[PDB]
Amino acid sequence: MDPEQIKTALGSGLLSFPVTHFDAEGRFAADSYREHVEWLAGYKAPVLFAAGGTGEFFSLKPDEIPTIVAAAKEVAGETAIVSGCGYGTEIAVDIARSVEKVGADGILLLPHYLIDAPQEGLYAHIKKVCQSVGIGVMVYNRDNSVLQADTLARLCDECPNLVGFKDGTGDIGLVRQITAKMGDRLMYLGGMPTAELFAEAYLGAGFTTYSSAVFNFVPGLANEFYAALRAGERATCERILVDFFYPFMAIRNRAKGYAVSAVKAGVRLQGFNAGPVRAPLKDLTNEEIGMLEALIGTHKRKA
């Protein structure tokens, strides 16, 4: 689809970021991945982000990314498919063009690698990546890549296919300035780890959707929270925060990287063969897996 079509899809519901399934040896496990993506499709997220952060983009070889995107496309149905992209410009452009070739509907551009960079340099890097493909681009403010509002405005003026903005900073002051400046030029995507913790506040900032990492393993629960959010049903949102998300957060905060590892553990507990995380992430301990299993509780998919 064209960038305006992926833009419309970004504003039509909740965003799904599937974990990437690996076998015991760490290789991509396409059959298990497709089984899980097919199961998630029943819950009708309008956009699927293949090989995003939750999908361990940062541990994939560039040549693996189109294979993962193609696998998702096999079974995702009438769903927009966005690919992760990232690293420095040379690598990012090659990844972008490779996933465009296998039929991705857009790219989510993760930070460049390692260095702190001046705004002018961020502009030049992101412009070059946007101009390398015809599909839609979402930029991702996080870590060592944080666009100021004026820099983002310049990019929007020069790159018509730049259509989305994902925030992973939690900087409420900055993101409100960005939505005030750009208005409906961009779709605004919440991108904090466990984004439901931020979603009610981010409404006021101008964000009405987000990545739901836990949709990987409790999509019914994630969909219900999202529905309550958009309906203004505060007591329902709050009940789900108190009974599910703050307990999940307690597990997540036990170790670095568990924003991904705990989500992948949840997928395994629901009976999908998602396999291990790749180093330098680590998997949950048996004790922690037990905690998560108990938390999932009434939401188990099987016995």
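Just count from 1 along the sequence shown to find any residue number.
Taking the PDB entry as given, 176-184 carries the higher mean Cα B factor of the two stretches 221-229 and 176-184. According to the PDB record, 232-240 carries the higher mean C-alpha B-factor of the two stretches 232-240 and 32-40. Note on the listed residues 46, 52, 266, 62: the highest Cα temperature factor in the record is that of 62.
In the PDB entry, the Cα temperature factor peaks, among 75, 137, 126, 92, at 75. In the deposited entry, the Cα temperature factor of residue 97 sits in the bottom third of values across the chain's modelled residues. When the modelled residues of the chain are ordered by their C-alpha B factor, residue 142 lands in the middle third. In the PDB entry, a CA B factor belonging to the highest third of its chain's modelled residues is recorded for residue 204. Residue-level temperature factors show residue 132 in the highest third of its chain, judged at the C-alpha atom. Annotation for residue 114: C-alpha temperature factor in the highest third relative to the rest of the modelled chain, per the entry.
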